[PDB]
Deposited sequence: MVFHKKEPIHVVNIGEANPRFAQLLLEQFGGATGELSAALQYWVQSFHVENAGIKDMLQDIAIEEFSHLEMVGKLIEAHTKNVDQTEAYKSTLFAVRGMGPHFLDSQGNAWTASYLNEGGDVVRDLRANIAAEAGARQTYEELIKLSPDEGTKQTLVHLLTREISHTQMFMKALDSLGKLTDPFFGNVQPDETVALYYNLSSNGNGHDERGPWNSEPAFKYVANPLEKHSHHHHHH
């Protein structure tokens, strides 16, 4: 069962409303790398993850992501409230969709569950979550670069910081399985080609060198 207390995870503090910025911020409300993606991805995984500890962790983090979604929603509300008459607002999708957050991204695309990567095996799920967190942190960085005021910026820095934290959580979980630095998982024995690297576009590195790989220079 889910419950809600009405206070956000911390105070929403901003300067003058900047609705063009609010539109960019929709990325982290209803966009691919956003808070709904994170919350729903981790929560839906929890239904098929058999490891009780990792299942709990997924639920703990998912609930935090819902709190982040709320914070982002409150930021968008603050940056789109009471500025109907401004040229800035009239240039945004809020002018036709209404003020406040909506489950779409900065380009007006409806959130889709096609954004989610999950299923089958906890190792796939955790690797997917490390990727999700990387997209979330990246988008927060871009938004921070475009910050309209110091209060908005500090909130975004906090949210970004929490995705680094989550990344570390997922890495610890994967490492506990022995699968953070080992490529192999699942139940299928590989064939004899696992070490081959084909030079199909024609650079050397650890990804195509001894000891790990047999380099095929001219496939």
Please give the gaps, as residue ranges numbered from 1 in the deposited sequence, where no C-alpha is present.
203-208, 226-236
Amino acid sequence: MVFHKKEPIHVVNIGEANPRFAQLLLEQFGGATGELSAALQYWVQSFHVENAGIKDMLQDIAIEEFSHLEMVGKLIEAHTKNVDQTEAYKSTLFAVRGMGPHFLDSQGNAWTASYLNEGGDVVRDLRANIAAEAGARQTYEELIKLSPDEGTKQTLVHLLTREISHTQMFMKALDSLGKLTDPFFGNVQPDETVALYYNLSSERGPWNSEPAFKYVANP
From here on, numbers count along this sequence of modelled residues.
Residue range whose averaged C-alpha B-factor is higher in the record, 208-216 or 3-11
3-11
Going by the average Cα B-factor in the PDB entry, point out whether 163-171 or 186-194 comes out higher.
186-194
Say you rank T139, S147, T92, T80 by Cα B-factor from the PDB entry; which sits at the top?
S147
In this PDB entry, which of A132, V122, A88, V96 has the top CA B-factor?
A88
Where does the C-alpha B-factor of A17 rank in its chain, lowest, middle or highest third?
middle
Place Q45 in the lowest, middle or highest third of its chain's C-alpha B-factors, as listed in the PDB entry.
lowest
Looking at the entry's B-factor column for C-alpha atoms only, identify whether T33 ranks in the lowest, middle or highest third of its chain.
middle
Can you tell me which third, lowest, middle or highest, the CA B-factor of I61 falls into for its chain?
middle
Chain-relative C-alpha B factor for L26 (record values, thirds): the lowest
